[PDB]
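Undergrad: first chunk of the complex, coordinates as they sit in the assembly:
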Amino acid sequence: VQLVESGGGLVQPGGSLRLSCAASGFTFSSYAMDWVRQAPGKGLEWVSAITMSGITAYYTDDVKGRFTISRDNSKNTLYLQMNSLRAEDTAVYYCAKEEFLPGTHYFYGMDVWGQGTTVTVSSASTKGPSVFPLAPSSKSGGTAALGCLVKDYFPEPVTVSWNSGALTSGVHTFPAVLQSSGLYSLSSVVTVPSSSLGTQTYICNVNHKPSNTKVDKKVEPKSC
Amino acid sequence: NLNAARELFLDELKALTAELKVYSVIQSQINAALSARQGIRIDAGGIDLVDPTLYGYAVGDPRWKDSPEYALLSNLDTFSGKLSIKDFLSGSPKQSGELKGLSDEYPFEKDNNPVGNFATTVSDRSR
């Protein structure tokens, strides 16, 4: 049994997307189907269901009159037409097969899920990050913190490594936060011995695949 | 004059008895659904009411076409060789009138089951 979602991406407020879910390895026309979404950091929200026949659709309140669920049983495919999109619709959208009690149409839950497809609704244009050093403290044979501030990029994700992957101990790369500008921002930091701040070089390597930008950045102490 | 009038009233009584028979067939599909906590399609995906077997006739029996059941069904607006439950219920002419704006299915739900509400709508015509 398998469900593969597709059709997610980037769209502006007021725009439209069509999600597809391709079913295989079971009789698609015999089971009811759902969309479930999960916004970043938040929990699960049931969005829509449709009967095996494809004739009767049900919707969660936020979505009524904006989204339309449908299916094509000859194509083994489930659809979600998303119109009048807004920022709050930004989420991973999961496709899910309903199961019935044996010999019934008595629905009890979703026992097979897809891997999900991401939808991002925003006014922002695609933009690479600015990387700034978080330069190690003035005071410290102790331990010192040291980092990179990866600021004003869009959309997610960025990856960050230190000294090309050679430095992994004590690294904490943080979940991004959405700033009020519509752009994301995050910091990666590392804890190292104070002694090394003269000898050891620290470069953070920041990849942002959506903009096709990589940025390497030295982080040295301040001028004294 | 008098024996002719008798036979028209037998033909009227035959036709009504046939209409009631079709409602019985529909109503028993609806109860089959209710029993299995199941939904029912009433469009082309549901049962075909132009089917000899439903009314006691075997498949190739030539007197099926002369039956009062086939007389009723094949004279409706909606008849097209086949006849869905919705086609029959919405079709005219018949003495229970018409039912407009029925959906193509009534699915099992857990509260205010639409199958149950359809059962009631159909039951208020066999009256």
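TA: Structure received. Numbering: from 1, shown residues only, chains lettered A, B, ... in the order given.

Undergrad: Excluding residues flanking it in the chain, which one is nearest residue A:110?
TA: Setting aside the residues directly before and after it, residue A:110 is nearest to residue A:96 in space (CB to CB, 6 or more residues apart in numbering or on different chains), at 3.9 Å. Where you see a C-beta, it was placed from the backbone N, CA and C, and this is true even at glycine.

Undergrad: secondary structure class for the spatially most central residue of chain B?
TA: Using CA atoms, centre = their mean, the residue of chain B that lies closest to the mean C-alpha position is residue B:22, 3.5 Å off. With DSSP: H, G, I helix; E, B strand; the rest coil as the basis, residue B:22 sits in helix.

Undergrad: Also residue B:88?
TA: At residue B:88, secondary structure determined by three-state DSSP is helix.

Undergrad: Against chain A, how distant is it?
TA: 18 Å (CB to the nearest CB, to the nearest Å).

Undergrad: Would you mind splitting chain A into its domains for me?
TA: Domain segmentation of chain A under curated CATH domains yields A:1-123, A:124-221.

Undergrad: Let's have the ones you listed in a markdown table, adding mean neighbour count.
TA: Shown next, in a markdown table, are the domains of chain A (neighbours: other CB atoms under 10 Å in any protein chain shown):
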| stretch | mean neighbour count |
| --- | --- |
| domain A:1-123 | 17 |
| domain A:124-221 | 16 |
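
Undergrad: could the ones you listed go into a markdown table alongside distance to residue B:46?
TA: Output for those, formatted as a markdown table (distance: least, CB to CB, whole Å):
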| stretch | distance to residue B:46 |
| --- | --- |
| domain A:1-123 | 10 |
| domain A:124-221 | 47 |
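
Undergrad: Kindly state the distance between the middle of stretch A:96-103 and the middle of its chain.
TA: 29 Å (CA atoms, centre = their mean, to the nearest Å).

Undergrad: what does stretch A:151-160 give?
TA: Taking CA atoms, centre = their mean, one finds the center of stretch A:151-160 at 11 Å from the center of the full chain.

Undergrad: quick one, what contacts residue 25?
TA: Assuming you mean chain A. Residue A:25 sits next to A:1, A:2 when contact means CB atoms under 8 Å, 6 or more residues apart in numbering or on different chains.

Undergrad: that's the other chain; I wanted chain B
TA: Residue B:25 makes contacts with B:49, B:54, B:55, as judged by CB under 8 Å, 6+ apart.

Undergrad: Also, this goes in as chain C:
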Amino acid sequence: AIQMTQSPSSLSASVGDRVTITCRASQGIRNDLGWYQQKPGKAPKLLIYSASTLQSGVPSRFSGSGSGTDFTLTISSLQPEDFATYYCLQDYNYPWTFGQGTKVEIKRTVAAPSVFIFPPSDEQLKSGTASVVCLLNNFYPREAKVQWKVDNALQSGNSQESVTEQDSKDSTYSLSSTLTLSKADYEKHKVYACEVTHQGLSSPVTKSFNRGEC
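TA: Once chain C is put in with the chains from before, the structure reads:
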């Protein structure tokens, strides 16, 4: 309509403990309630349906209970694989609705955050914005108050936080608070201070710098 309220929102326990999550409906939903497990960056998995029936393949330590409005997922002897978030779902009425979720985190001894503060880089200040970053590193529990003071003025509504997932090595958390100001407002003040209250710290720890003093 129907609102599901799980509790607790999160919960700490060790391998072997007996865990118990609760889900409450605002109206009667019979036994028409399921439990799902989710782990980070993965699809949800059905564990229990019809209030108490085990999905096949789910191990016997999981068990479900309840009727009407009050329900209960129970893990009898918690295992490494069970640290995850759990959601309840009612399907008695449309719209079907989920509970807000219950995270099951790994429990350990209290540990204090080492705190660090970072001024804006000179390079950023060319752009016209100033970002001051406070780092709490490797602490437990997750609860923590971080207060920005600018010349002893408690700052409000101009900072954002972010937290790592519990660490695979030492089960700690780390936190980043980022205070954001215009270049203008940054240069108009002198003492930039991050105050950190947390259980492992006997009294609040402050870290600070003075603007421009290396």
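
Undergrad: sorry, back to before: if I pick the residue nearest to the centre of chain B, what's in contact with it?
TA: If you count contacts by CB under 8 Å, 6+ apart, then residue B:22 has B:49, B:69, B:72, B:73, B:88 around it.

Undergrad: Out of the residues you listed, give me the two with the largest separation.
TA: The span of those, defined through CB to CB, is set by B:69 and B:88 at 11.3 Å.

Undergrad: Tell me who's in contact with residue C:76.
TA: Contacts for residue C:76 (CB under 8 Å, 6+ apart) come out as C:18, C:61, C:62, C:63.

Undergrad: again, only using 6 Å
TA: If a contact means CB atoms under 6 Å, 6 or more residues apart in numbering or on different chains, then residue C:76 has C:18, C:61 as its contacts.

Undergrad: any idea how far it lies from residue A:145?
TA: Distance of residue C:76 to residue A:145, given as CB to CB, to the nearest Å: 42 Å.

Undergrad: ditto for residue B:109
TA: For residue B:109, the distance to residue A:145 - CB to CB - is 57 Å.

Undergrad: now residue C:127
TA: Remark: distance between residue C:127 and residue A:145 (CB to CB) = 23 Å.

Undergrad: got the residues of chain C near chain A?
TA: Within reach of chain A by CB under 6 Å from any CB of the partner chain, chain C has these residues: C:34, C:43-44, C:46, C:49-50, C:87, C:91, C:94-96, C:98, C:100-101, C:116, C:118, C:121, C:123-124, C:131, C:133, C:135, C:137, C:160, C:162, C:164, C:174, C:176, C:214.

Undergrad: and these, which of them are in helices?
TA: C:123, C:124 (DSSP state H).

Undergrad: Tell me how many other residues surround the closest residue to residue C:146 other than its chain neighbours.
TA: The shortest distance from residue C:146 to any non-neighbouring residue, by CB to CB, 6+ apart, is to residue C:177 (4.4 Å). The number of residues packed near residue C:177 is 22, by other CB atoms under 10 Å in any protein chain shown.

Undergrad: same question, residue C:156
TA: Per other CB under 10 Å, the neighbour tally for residue C:156 reads 8.

Undergrad: Please consider this matter closed, and thank you.
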